[PDB]
Amino acid sequence: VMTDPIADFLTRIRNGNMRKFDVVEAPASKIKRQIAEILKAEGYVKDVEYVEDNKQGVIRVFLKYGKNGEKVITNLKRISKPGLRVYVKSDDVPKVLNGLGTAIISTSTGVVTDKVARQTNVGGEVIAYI
Amino acid sequence: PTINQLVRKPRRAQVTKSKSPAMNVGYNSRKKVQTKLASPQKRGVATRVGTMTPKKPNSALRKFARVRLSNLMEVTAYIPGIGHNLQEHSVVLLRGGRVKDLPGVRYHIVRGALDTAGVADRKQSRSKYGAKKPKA
RNA sequence: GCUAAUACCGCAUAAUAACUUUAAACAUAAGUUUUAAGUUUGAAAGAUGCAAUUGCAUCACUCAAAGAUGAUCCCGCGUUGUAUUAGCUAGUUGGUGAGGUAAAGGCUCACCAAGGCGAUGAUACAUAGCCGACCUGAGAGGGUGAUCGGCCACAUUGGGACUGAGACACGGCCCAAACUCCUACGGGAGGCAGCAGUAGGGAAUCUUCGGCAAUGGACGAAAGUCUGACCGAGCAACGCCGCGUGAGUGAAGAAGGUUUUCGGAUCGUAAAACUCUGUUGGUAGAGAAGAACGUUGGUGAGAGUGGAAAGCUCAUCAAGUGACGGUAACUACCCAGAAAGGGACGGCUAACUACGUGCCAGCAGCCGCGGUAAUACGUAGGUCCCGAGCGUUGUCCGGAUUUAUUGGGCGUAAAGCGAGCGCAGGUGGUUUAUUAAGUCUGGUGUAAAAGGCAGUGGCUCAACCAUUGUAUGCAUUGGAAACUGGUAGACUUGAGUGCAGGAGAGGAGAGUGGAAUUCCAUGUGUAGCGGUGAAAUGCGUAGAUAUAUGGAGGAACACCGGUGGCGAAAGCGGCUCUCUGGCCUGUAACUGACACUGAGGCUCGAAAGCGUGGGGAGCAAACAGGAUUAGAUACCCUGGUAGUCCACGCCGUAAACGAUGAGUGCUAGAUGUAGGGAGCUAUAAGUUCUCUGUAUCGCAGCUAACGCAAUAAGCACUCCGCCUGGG
RNA sequence: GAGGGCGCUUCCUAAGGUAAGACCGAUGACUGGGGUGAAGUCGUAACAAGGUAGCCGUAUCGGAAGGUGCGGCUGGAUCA
RNA sequence: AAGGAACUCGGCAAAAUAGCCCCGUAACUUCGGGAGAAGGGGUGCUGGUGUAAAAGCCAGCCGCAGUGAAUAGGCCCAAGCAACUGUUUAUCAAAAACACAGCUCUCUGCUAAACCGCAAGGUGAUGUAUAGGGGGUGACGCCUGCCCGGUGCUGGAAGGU
């Protein structure tokens with residue numbers, strides 16, 4: 001249902017890249033703008049755009065591929081399910097894929113990255129790895 | 001696997017059966033359903049070695065002792081080895097042992113016990129079935 | 001009868017103790033807090049002494065002035081299983097009063113009020129000392145509570161209660177009971193769950209040993225005293241460590257064993273010899289381990305104690321600090337001489353040939369074996385792993401992800417309720433701001449400890465002990481608005497409600513029509529018809545079937561009818577009415593998240609059957625007759641009861657199916673067909689998009705395979721449910 | 001005179017009896033099912049369209065495998 | 001006394017319990033009952049205070065005894081039969097006998113059938129098949145199997161008589 005646009009959206013990204021196609025979709029939030037923002041900054045998609053007047057505005061996003069439409073994103077998932085707001089510490093925020101994976105956590109400051117979540121002693125909700 | 005379902009759910013288990021139903025042996029005060037502090041033996045009694053028919057196609061004949069059990073259980077457990085010296089009203093040790101070829105058993109008998117003699121220099125341990133290291 | 005008191009006791013003297021007061025800063029439902037008037041009562045006038053500005057030390061009541069210790073109870077937190085552990089509770093639950101207490105407190109008790117708990121587990125039953133800790137698992141954890149430390153509880157059993165500051169008290173009392181002893185029978189006495197030790201019972205004896213120096217406590221001014229606490233000695237290979245019984249040279253297969261295809265092969269560095277050596281022990285034993293501090297006296301310092309006295313504080317010396325004791329250690333080290341065995345060999349994991357066997361006796365955790373040469377067994381040799389321990393079972397952990405939070409599955413292999421609701425409960429479209437509740441940061445609590453990560457010393461070095469840190473929701477308090485929750489706020493962009501469309505076997509009643517079956521008469525004629533592979537079954541000459549008609553009645557309504565529709569399914573098809581849901585197409589007209597669910601509870605619901613009352617054509621359980629064959633209680637035939645149908649109540653179980661839960665999101669296409677919306681193709685034709693439908697193939701994905709795949713067995717999340725090897 | 005033990009009844013009251021259970025174990029003439037072993041005997045079923053394919057829920061008749069019937073599904077055939 | 005049913009075929013008779021209040025109450029059940037189950041307690045008077053509408057309180061006084069006597073259930077377990085209430089031989093027998101609702105079958109379309117009377121007349125009943133008459137059985141629960149040879153009954157007519 002509508003109750004998880006986060007993993008609905010990341011699952012939809014797995015439809016876009018696993019189906020090897022151009023554009024995925026997302027209604028208008030601020031959190032998903034931070035999703036394509038942070039992960040576009042980490043080089044995984046190629047667009048940040050949404051429908052210009054809608055509270056359900058379609059964030060339609062071109063992807064950042066490999067060399068032949070090749071995947072970059074493989075193990076895409078939401079960590080914290082809607083049945084479990086994952087509340088971890090700040091001091092030993094763990095590594096992902098021995099460093100080969102992303103990490104994005106809504107800390108008390110904001111929703112920051114892996115090592116910025118590690119050594120700044122900021123902690124919050126674990127969201128998504130690759 | 002909902003929120004309440006995965007909280008109702010324990011790490012439960014149901015297959016829990018130690019192979020020794022045991023009143024070993026024991027502390028005979030008045031009531032003797034004292035349980036369980038099990039031995040690998042019995043300082044008890046049995047009566048008579050009987051002969052057991054083995055399975056198909058095991059053409060043999062094996063020696064089970066008519067095991068006294070005060071807890072309403074099998075009058076049998078296996079006597080290993082060739083021959084036996086015991087008789088009725090003899091204290092009989094109780095190996096925890098099972099043979100698929102021997103039907104209706106749960107236990108064996110410790111041969112090579114205080115009431116057991118044998119012939120040593122056995123190629124397995126020289127000293128079971130009532131034997132020792134040979135003093136010549 | 002009387003002493004004595006380092007007993008008692010009246011009785012002024014003690015009042016911030018409690019209250020009696022008078023004002024209030026304070027004060028919080030209660031309230032807490034300074035002073036503003038009146039009350040109880042003390043001693044071992046003791047003690048050793050000292051001596052003296054004739055007064056100075058150890059103490060009990062004077063009793064406070066606090067700390068300190070050790071307790072008290074209340075609350076938060078987690079602290080077993082059985083809902084085949086449902087209704088439970090009578091002082092129960094409130095209020096008032098009183099007694100008590102160290103205290104609020106049905107803490108009790110009186111009186112007056114009737115609540116309260118509980119299906120999100122209360123009571124009742126089993127079971128349990130609990131925790132730190134500790135074994136195993138990489139961890140997650142599982143598991144244990146041994147021994148150590150803390151708390152709790154107990155003292156043959158049960159119950160009271162005094163004392164004591166403190167007990168309802170292992171070695172107090174009193175009562176009872178149960179044993180036992182003595183009794184001249186009239187009476188008395190006791191409880192090793194204290195350390196021993198005895199008898200029970202087993203796997204489970206520490207010894208019926210010393211002293212308190214090495215502390216620990218108790219009094220005593222000190223001395224002293226006692227302590228089965230502790231320290232030690234002795235029992236247990238019961239565990240952990242550490243060394244070893246020989247080492248070095250010298251190996252030929254050597255004598256030697258065994259196999260043996262007659263060769264070769266053991267002894268593998270004592271090896272057959274040779275050279276030595278003292279681990280542990282031989283003996284002589286030198287020493288013999290410091291196990292050790294002052295309390296007792298002196299000196300000197302301080303309070304310098306009206307006083308130096310005396311004494312007290314504590315800065316010195318003298319002074320015993322024993323039990324392991326000639327104790328570990330060390331010299332002389334004696335001779336290789338006193339001092340290694342246990343398990344295992346079919347694999348399963350490394351170690352097979354002589355080998356009586358002959359499925360024989362036996363061996364075994366699994367596969368198993370043994371019936372003629374068995375590396376299975378008995379059997380010797382060689383080997384494979386270990387050691388003062390080996391192996392065996394008894395328990396537990398792991399593997400086992402074998403309840404899969406980490407770390408499951410549900411189409412068939414175990415599984416989606418038989419389907420609907422709309423109770424809790426769960427989950428939440430977007431956005432504005434607050435909130436910091438949760439969430440992250442800082443301070444605060446944390447096991448006395450003991451224990452890990454390190455280090456130190458040491459019984460050597462060992463092992464482990466002693467030490468020293470480190471490492472911790474044990475906690476409470478500042479910040480963070482990024483998420484959730486909440487609080488207020490907004491929009492529709494989900495849902496639904498509007499206005500237009502249609503559609504259907506959607507339900508429920510009220511009726512109607514025809515064909516067809518069977519039967520009532522019936523024309524008028526003769527054995528017929530039945531059934532199969534055939535007939536007997538049978539009926540029928542009482543002459544009929546069959547054919548001519550009209551009537552009667554029940555049932556059901558061929559093409560319509562279809563991978564068609566509707567309905568959650570169950571299911572629904574002559575025709576016509578009655579009132580009747582449910583979608584979809586468009587639509588923002590409108591609410592502004594009203595959403596999804598769904599345990600519980602509720603409803604509906606195949607098929608029969610069961611209740612009452614009808615209707616009773618055809619069909620057909622039950623049964624009969626005839627084949628059938630050995631037989632036929634079956635398939636066939638002849639029949640033929642229940643039953644099938646109608647109103648009227650029930651079961652709640654079906655291959656419920658698609659052995660495929662519900663919600664919604666995503667997306668190669670080839671494809672069906674409905675009915676709309678829109679275009680569309682125009683001088684009538686015929687095409688394209690859109691929605692719910694239901695196929696068929698097949699992209700990706702996909703599984704054990706089979707297969708699924710837009711109405712996913714693909715990729716996600718919320719509600720539920722199942723599932724743990726078989727009988 | 002106060003007060004005092006005794007003087008002096010009551011309260012709670014430990015145990016014992018009572019009654020009417022409930023729970024739980026042991027126990028039991030005969031007896032229902034199930035499993036095991038023989039290799040007796042009865043039988044053709046279930047398995048191929050396994051000899052009437054079945055498989056369910058249900059009623060009902062058999063010594064028994066089983067049958068008859070209500071309705072449903074292939075986990076069913078020659079291929080209908 | 002003491003002892004109890006040992007007497008007897010048999011606790012037969014007597015005994016003993018019972019009132020009122022207040023507790024409490026098993027079994028199965030057709031869910032009402034059982035059941036007054038059982039078993040238990042109290043019960044007199046004096047003053048209070050609360051009893052008058054109203055018990056309970058407090059204390060005391062007493063008592064052998066407190067519905068002081070009279071009057072007023074013995075209970076329980078189990079089985080068979082019958083359901084029950086009713087009725088039943090007065091001059092014997094009260095029951096398992098009868099009856100009874102119930103259930104079953106059969107007969108009767110009306111001037112009923114059936115019945116009474118020679119008939120007439122009348123009942124049946126101002127009744128109309130849910131009614132009337134006869135037969136069985138006797139609630140409720142389960143169930144009612146087989147055999148039409150014979151008998152009777154019904155119906156049919158071919159033939160014999």
# chains A, B, ... in the order shown; residues from 1 in each chain; ligands from 1
>>> residues_around(residues="residue B:34", least_positions_apart="2", cutoff="7 Å", atoms="only C-alpha atoms (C1' of nucleotides)", output="PyMOL selection string")
chain B and resi 23+32+36
>>> write_last_selection(atoms="N, CA and C atoms", output="tab-separated table (two decimals), in the first residue's frame")
chain	number	residue	atom	x	y	z
B	23	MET	N	15.02	-43.84	37.06
B	23	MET	CA	14.94	-43.70	38.50
B	23	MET	C	16.24	-44.13	39.17
B	32	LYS	N	10.22	-42.83	46.28
B	32	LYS	CA	11.12	-43.32	45.23
B	32	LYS	C	10.61	-43.04	43.83
B	36	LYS	N	15.15	-36.30	38.32
B	36	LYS	CA	16.05	-37.33	37.81
B	36	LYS	C	17.49	-36.93	38.04
>>> interface_residues(of="chain C", to="chain A", cutoff="9 Å", atoms="only C-alpha atoms (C1' of nucleotides)", output="list in words")
residues 427, 428, 429, 430, 431, 439, 440, 441, 480, 481, 482, 483, 484, 491, 492, 493, 494, 595, 596, 663, 664, 665, 666, 667, 700, 715, 716, 717 and 718 of chain C
>>> closest_atom_pairs(of="chain C", to="chain B", cutoff="7 Å", atoms="only C-alpha atoms (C1' of nucleotides)", output="CSV")
residue,atom,partner,partner_atom,distance
C:201,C1',B:27,CA,4.4
C:202,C1',B:26,CA,5.2
C:203,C1',B:39,CA,6.8
C:343,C1',B:125,CA,6.5
C:359,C1',B:59,CA,5.2
C:362,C1',B:81,CA,6.6
C:393,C1',B:40,CA,5.5
C:394,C1',B:40,CA,4.5
C:403,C1',B:11,CA,5.5
C:426,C1',B:3,CA,6.8
>>> select_by_dssp(residues="stretch 56-107 of chain A", states="strand (DSSP E or B)", output="list in words")
residues 61, 62, 63, 77, 78, 87, 104, 105, 106 and 107 of chain A
>>> write_last_selection(atoms="N, CA, C and O atoms", output="mmCIF file, in the first residue's frame")
data_model
loop_
_atom_site.group_PDB
_atom_site.id
_atom_site.type_symbol
_atom_site.label_atom_id
_atom_site.label_comp_id
_atom_site.auth_asym_id
_atom_site.auth_seq_id
_atom_site.Cartn_x
_atom_site.Cartn_y
_atom_site.Cartn_z
ATOM 1 N N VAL A 61 13.149 10.347 -12.548
ATOM 2 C CA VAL A 61 14.592 10.400 -12.345
ATOM 3 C C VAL A 61 15.287 9.478 -13.338
ATOM 4 O O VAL A 61 15.054 8.266 -13.338
ATOM 5 N N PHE A 62 16.141 10.057 -14.172
ATOM 6 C CA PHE A 62 17.104 9.326 -14.973
ATOM 7 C C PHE A 62 18.235 8.801 -14.097
ATOM 8 O O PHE A 62 18.709 9.479 -13.177
ATOM 9 N N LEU A 63 18.702 7.605 -14.439
ATOM 10 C CA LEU A 63 19.634 6.831 -13.636
ATOM 11 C C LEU A 63 21.064 7.020 -14.126
ATOM 12 O O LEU A 63 21.309 7.471 -15.247
ATOM 13 N N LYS A 77 17.949 -1.727 -0.698
ATOM 14 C CA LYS A 77 16.896 -2.085 0.238
ATOM 15 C C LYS A 77 16.722 -0.966 1.248
ATOM 16 O O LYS A 77 17.637 -0.175 1.493
ATOM 17 N N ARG A 78 15.521 -0.896 1.802
ATOM 18 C CA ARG A 78 15.278 -0.119 3.004
ATOM 19 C C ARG A 78 15.658 -0.951 4.222
ATOM 20 O O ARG A 78 15.245 -2.108 4.343
ATOM 21 N N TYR A 87 16.639 2.222 15.537
ATOM 22 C CA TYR A 87 17.220 3.237 16.416
ATOM 23 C C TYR A 87 18.565 2.727 16.923
ATOM 24 O O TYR A 87 18.641 2.094 17.978
ATOM 25 N N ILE A 104 22.976 5.558 5.008
ATOM 26 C CA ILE A 104 22.286 6.835 5.126
ATOM 27 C C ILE A 104 21.347 6.790 6.333
ATOM 28 O O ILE A 104 20.495 5.903 6.455
ATOM 29 N N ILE A 105 21.550 7.712 7.277
ATOM 30 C CA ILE A 105 20.967 7.632 8.617
ATOM 31 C C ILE A 105 20.458 9.008 9.016
ATOM 32 O O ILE A 105 21.227 9.974 9.031
ATOM 33 N N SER A 106 19.176 9.094 9.373
ATOM 34 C CA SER A 106 18.639 10.332 9.920
ATOM 35 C C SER A 106 19.160 10.543 11.332
ATOM 36 O O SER A 106 18.578 10.046 12.302
ATOM 37 N N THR A 107 20.263 11.267 11.447
ATOM 38 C CA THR A 107 20.835 11.598 12.736
ATOM 39 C C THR A 107 20.130 12.814 13.315
ATOM 40 O O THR A 107 19.259 13.412 12.685
#
>>> interface_residues(of="chain B", to="chain D", cutoff="12 Å", atoms="only C-alpha atoms (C1' of nucleotides)", output="MDAnalysis selection string")
chainID B and resid 31 33 53:56 103:104
>>> write_last_selection(atoms="N, CA, C and O atoms", output="JSON list (two decimals), in the first residue's frame")
[["chain", "number", "residue", "atom", "x", "y", "z"],
["B", 31, "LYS", "N", 9.29, -43.21, 48.93],
["B", 31, "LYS", "CA", 8.35, -43.04, 47.83],
["B", 31, "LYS", "C", 8.97, -43.27, 46.47],
["B", 31, "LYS", "O", 8.30, -43.82, 45.59],
["B", 33, "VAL", "N", 9.95, -41.89, 43.65],
["B", 33, "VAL", "CA", 9.66, -41.36, 42.33],
["B", 33, "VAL", "C", 10.62, -40.17, 42.23],
["B", 33, "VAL", "O", 10.37, -39.16, 41.56],
["B", 53, "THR", "N", 15.36, -62.89, 19.83],
["B", 53, "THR", "CA", 15.39, -63.09, 18.39],
["B", 53, "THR", "C", 15.77, -61.79, 17.70],
["B", 53, "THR", "O", 15.11, -60.76, 17.91],
["B", 54, "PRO", "N", 16.81, -61.77, 16.88],
["B", 54, "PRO", "CA", 17.20, -60.53, 16.20],
["B", 54, "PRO", "C", 16.31, -60.22, 15.01],
["B", 54, "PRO", "O", 15.34, -60.93, 14.74],
["B", 55, "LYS", "N", 16.64, -59.16, 14.28],
["B", 55, "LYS", "CA", 15.82, -58.71, 13.16],
["B", 55, "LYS", "C", 16.04, -59.59, 11.94],
["B", 55, "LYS", "O", 16.85, -60.53, 11.93],
["B", 56, "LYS", "N", 15.29, -59.29, 10.88],
["B", 56, "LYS", "CA", 15.61, -59.83, 9.57],
["B", 56, "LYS", "C", 16.80, -59.08, 9.00],
["B", 56, "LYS", "O", 16.89, -57.85, 9.14],
["B", 103, "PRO", "N", 15.35, -56.01, 19.28],
["B", 103, "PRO", "CA", 14.05, -55.35, 19.44],
["B", 103, "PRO", "C", 13.66, -55.20, 20.90],
["B", 103, "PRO", "O", 14.11, -55.93, 21.79],
["B", 104, "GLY", "N", 12.81, -54.20, 21.13],
["B", 104, "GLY", "CA", 12.19, -53.99, 22.43],
["B", 104, "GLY", "C", 13.14, -53.58, 23.53],
["B", 104, "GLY", "O", 12.83, -53.81, 24.70]]
>>> select_by_dssp(residues="chain A", states="alpha helix (DSSP H)", output="PyMOL selection string")
chain A and resi 5-18+31-41+114-119
>>> write_last_selection(atoms="N, CA, C and O atoms", output="tab-separated table (two decimals), in the first residue's frame")
chain	number	residue	atom	x	y	z
A	5	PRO	N	6.32	4.31	0.78
A	5	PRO	CA	6.88	4.83	-0.47
A	5	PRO	C	8.39	4.79	-0.51
A	5	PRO	O	8.98	4.99	-1.58
A	6	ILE	N	9.04	4.53	0.63
A	6	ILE	CA	10.50	4.49	0.68
A	6	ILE	C	11.01	3.22	0.01
A	6	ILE	O	11.72	3.27	-1.00
A	7	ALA	N	10.64	2.06	0.55
A	7	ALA	CA	11.01	0.80	-0.07
A	7	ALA	C	10.16	0.49	-1.29
A	7	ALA	O	10.57	-0.33	-2.11
A	8	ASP	N	8.97	1.09	-1.40
A	8	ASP	CA	8.25	1.07	-2.67
A	8	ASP	C	9.07	1.77	-3.74
A	8	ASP	O	9.16	1.30	-4.88
A	9	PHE	N	9.72	2.86	-3.36
A	9	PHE	CA	10.50	3.64	-4.31
A	9	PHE	C	11.83	2.96	-4.63
A	9	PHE	O	12.24	2.93	-5.79
A	10	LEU	N	12.51	2.41	-3.63
A	10	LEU	CA	13.78	1.73	-3.87
A	10	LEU	C	13.57	0.42	-4.62
A	10	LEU	O	14.37	0.05	-5.48
A	11	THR	N	12.50	-0.29	-4.26
A	11	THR	CA	12.06	-1.45	-5.03
A	11	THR	C	11.77	-1.06	-6.47
A	11	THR	O	12.12	-1.79	-7.41
A	12	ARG	N	11.17	0.12	-6.67
A	12	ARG	CA	10.92	0.61	-8.01
A	12	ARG	C	12.22	0.96	-8.73
A	12	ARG	O	12.31	0.80	-9.96
A	13	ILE	N	13.25	1.39	-7.99
A	13	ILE	CA	14.56	1.59	-8.60
A	13	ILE	C	15.15	0.26	-9.03
A	13	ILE	O	15.78	0.15	-10.09
A	14	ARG	N	14.90	-0.79	-8.25
A	14	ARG	CA	15.32	-2.12	-8.67
A	14	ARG	C	14.52	-2.61	-9.88
A	14	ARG	O	15.03	-3.42	-10.66
A	15	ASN	N	13.29	-2.12	-10.05
A	15	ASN	CA	12.59	-2.38	-11.30
A	15	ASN	C	13.24	-1.63	-12.45
A	15	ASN	O	13.32	-2.14	-13.57
A	16	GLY	N	13.71	-0.41	-12.19
A	16	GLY	CA	14.25	0.41	-13.27
A	16	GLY	C	15.61	-0.05	-13.73
A	16	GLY	O	15.89	-0.09	-14.93
A	17	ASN	N	16.48	-0.41	-12.79
A	17	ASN	CA	17.83	-0.84	-13.12
A	17	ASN	C	17.90	-2.33	-13.40
A	17	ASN	O	18.65	-2.76	-14.27
A	18	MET	N	17.13	-3.13	-12.66
A	18	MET	CA	17.08	-4.55	-12.97
A	18	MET	C	16.30	-4.81	-14.25
A	18	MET	O	16.64	-5.73	-15.01
A	31	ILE	N	12.04	13.85	1.76
A	31	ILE	CA	12.94	12.75	2.10
A	31	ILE	C	13.46	12.08	0.85
A	31	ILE	O	14.66	11.78	0.75
A	32	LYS	N	12.60	11.87	-0.14
A	32	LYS	CA	13.03	11.28	-1.40
A	32	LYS	C	13.92	12.22	-2.20
A	32	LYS	O	14.79	11.76	-2.94
A	33	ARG	N	13.70	13.53	-2.06
A	33	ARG	CA	14.64	14.50	-2.61
A	33	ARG	C	16.01	14.36	-1.96
A	33	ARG	O	17.03	14.55	-2.62
A	34	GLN	N	16.04	14.02	-0.67
A	34	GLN	CA	17.33	13.72	-0.07
A	34	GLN	C	17.85	12.35	-0.50
A	34	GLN	O	19.07	12.14	-0.48
A	35	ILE	N	16.98	11.43	-0.90
A	35	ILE	CA	17.42	10.12	-1.38
A	35	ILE	C	18.17	10.26	-2.70
A	35	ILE	O	19.33	9.87	-2.83
A	36	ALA	N	17.50	10.85	-3.70
A	36	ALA	CA	18.16	11.07	-4.98
A	36	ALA	C	19.24	12.13	-4.88
A	36	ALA	O	20.14	12.16	-5.73
A	37	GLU	N	19.16	13.00	-3.88
A	37	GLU	CA	20.20	14.01	-3.66
A	37	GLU	C	21.49	13.37	-3.19
A	37	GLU	O	22.55	13.52	-3.82
A	38	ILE	N	21.43	12.66	-2.05
A	38	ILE	CA	22.61	12.02	-1.47
A	38	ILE	C	23.16	10.94	-2.39
A	38	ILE	O	24.37	10.86	-2.63
A	39	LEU	N	22.27	10.13	-2.96
A	39	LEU	CA	22.77	9.04	-3.78
A	39	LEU	C	23.14	9.49	-5.19
A	39	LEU	O	23.98	8.85	-5.83
A	40	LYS	N	22.57	10.59	-5.67
A	40	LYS	CA	23.09	11.21	-6.88
A	40	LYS	C	24.46	11.80	-6.63
A	40	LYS	O	25.34	11.74	-7.49
A	41	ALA	N	24.66	12.36	-5.43
A	41	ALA	CA	25.97	12.87	-5.04
A	41	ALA	C	26.98	11.74	-4.91
A	41	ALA	O	28.16	11.93	-5.23
A	114	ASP	N	27.79	7.72	5.63
A	114	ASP	CA	28.33	6.61	6.40
A	114	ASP	C	29.35	7.07	7.43
A	114	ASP	O	29.11	6.97	8.63
A	115	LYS	N	30.49	7.62	6.99
A	115	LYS	CA	31.54	7.95	7.94
A	115	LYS	C	31.25	9.26	8.65
A	115	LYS	O	31.65	9.44	9.81
A	116	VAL	N	30.52	10.16	7.98
A	116	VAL	CA	29.98	11.34	8.65
A	116	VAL	C	28.99	10.92	9.72
A	116	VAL	O	28.89	11.55	10.78
A	117	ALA	N	28.28	9.81	9.51
A	117	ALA	CA	27.48	9.25	10.59
A	117	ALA	C	28.35	8.56	11.63
A	117	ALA	O	27.94	8.45	12.80
A	118	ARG	N	29.55	8.09	11.26
A	118	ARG	CA	30.40	7.35	12.20
A	118	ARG	C	31.07	8.27	13.21
A	118	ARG	O	30.79	8.22	14.41
A	119	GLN	N	31.96	9.13	12.73
A	119	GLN	CA	32.94	9.76	13.58
A	119	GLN	C	32.53	11.14	14.06
A	119	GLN	O	33.28	11.77	14.82
>>> residues_around(residues="residue D:54", least_positions_apart="4", cutoff="12 Å", atoms="only C-alpha atoms (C1' of nucleotides)", output="list in words")
residues 655 of chain C; 46, 47, 49, 50, 73, 74, 75, 76 and 77 of chain D
>>> write_last_selection(atoms="C-alpha atoms (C1' of nucleotides)", output="PDB file, in the first residue's frame")
ATOM      1  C1'   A C 655     -10.481 -31.497  -3.935  1.00  0.00           C
TER       2        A C 655
ATOM      3  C1'   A D  46      -5.502 -49.289  -4.037  1.00  0.00           C
ATOM      4  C1'   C D  47      -1.771 -49.133  -7.669  1.00  0.00           C
ATOM      5  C1'   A D  49      -8.722 -46.102 -18.032  1.00  0.00           C
ATOM      6  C1'   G D  50      -4.839 -51.637 -11.840  1.00  0.00           C
ATOM      7  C1'   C D  73     -12.356 -32.078  -8.207  1.00  0.00           C
ATOM      8  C1'   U D  74      -8.370 -34.108 -11.004  1.00  0.00           C
ATOM      9  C1'   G D  75      -4.107 -35.428  -7.000  1.00  0.00           C
ATOM     10  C1'   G D  76      -7.773 -39.216 -14.217  1.00  0.00           C
ATOM     11  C1'   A D  77      -7.632 -42.023 -18.474  1.00  0.00           C
TER      12        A D  77
END
>>> residues_around(residues="residue B:78", least_positions_apart="3", cutoff="7 Å", atoms="only C-alpha atoms (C1' of nucleotides)", output="PyMOL selection string")
chain B and resi 63-65+107-109
>>> residues_around(residues="residue C:634", least_positions_apart="2", cutoff="10 Å", atoms="only C-alpha atoms (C1' of nucleotides)", output="PDB file with N, CA and C atoms (P, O5', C5', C4', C3', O3' and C1' of nucleotides), in the first residue's frame")
ATOM      1  P     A C 632     -23.336 -66.179  -6.747  1.00  0.00           P
ATOM      2  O5'   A C 632     -24.184 -65.164  -5.868  1.00  0.00           O
ATOM      3  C5'   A C 632     -23.623 -64.595  -4.689  1.00  0.00           C
ATOM      4  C4'   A C 632     -23.584 -63.094  -4.770  1.00  0.00           C
ATOM      5  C3'   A C 632     -24.234 -62.508  -6.027  1.00  0.00           C
ATOM      6  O3'   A C 632     -24.946 -61.316  -5.697  1.00  0.00           O
ATOM      7  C1'   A C 632     -22.006 -61.747  -5.847  1.00  0.00           C
TER       8        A C 632
ATOM      9  P     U D  52     -13.752 -54.507 -12.447  1.00  0.00           P
ATOM     10  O5'   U D  52     -14.074 -52.954 -12.538  1.00  0.00           O
ATOM     11  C5'   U D  52     -14.316 -52.325 -13.791  1.00  0.00           C
ATOM     12  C4'   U D  52     -15.013 -50.996 -13.624  1.00  0.00           C
ATOM     13  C3'   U D  52     -14.200 -49.894 -12.941  1.00  0.00           C
ATOM     14  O3'   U D  52     -14.540 -48.624 -13.500  1.00  0.00           O
ATOM     15  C1'   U D  52     -16.167 -50.309 -11.707  1.00  0.00           C
ATOM     16  P     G D  66     -10.157 -51.154   0.349  1.00  0.00           P
ATOM     17  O5'   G D  66     -11.461 -51.668  -0.403  1.00  0.00           O
ATOM     18  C5'   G D  66     -12.692 -50.971  -0.300  1.00  0.00           C
ATOM     19  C4'   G D  66     -13.848 -51.877  -0.628  1.00  0.00           C
ATOM     20  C3'   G D  66     -15.106 -51.189  -1.118  1.00  0.00           C
ATOM     21  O3'   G D  66     -15.054 -50.847  -2.484  1.00  0.00           O
ATOM     22  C1'   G D  66     -15.685 -52.710   0.562  1.00  0.00           C
ATOM     23  P     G D  67     -15.757 -49.498  -2.978  1.00  0.00           P
ATOM     24  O5'   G D  67     -17.257 -49.934  -3.265  1.00  0.00           O
ATOM     25  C5'   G D  67     -17.540 -51.076  -4.051  1.00  0.00           C
ATOM     26  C4'   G D  67     -18.926 -51.570  -3.761  1.00  0.00           C
ATOM     27  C3'   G D  67     -20.028 -50.565  -4.036  1.00  0.00           C
ATOM     28  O3'   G D  67     -20.446 -50.600  -5.386  1.00  0.00           O
ATOM     29  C1'   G D  67     -20.306 -51.481  -1.874  1.00  0.00           C
ATOM     30  P     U D  68     -20.729 -49.237  -6.177  1.00  0.00           P
ATOM     31  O5'   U D  68     -22.153 -48.782  -5.646  1.00  0.00           O
ATOM     32  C5'   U D  68     -23.281 -49.618  -5.820  1.00  0.00           C
ATOM     33  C4'   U D  68     -24.483 -49.046  -5.122  1.00  0.00           C
ATOM     34  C3'   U D  68     -24.698 -47.559  -5.311  1.00  0.00           C
ATOM     35  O3'   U D  68     -25.318 -47.246  -6.540  1.00  0.00           O
ATOM     36  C1'   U D  68     -24.932 -48.096  -3.029  1.00  0.00           C
TER      37        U D  68
END
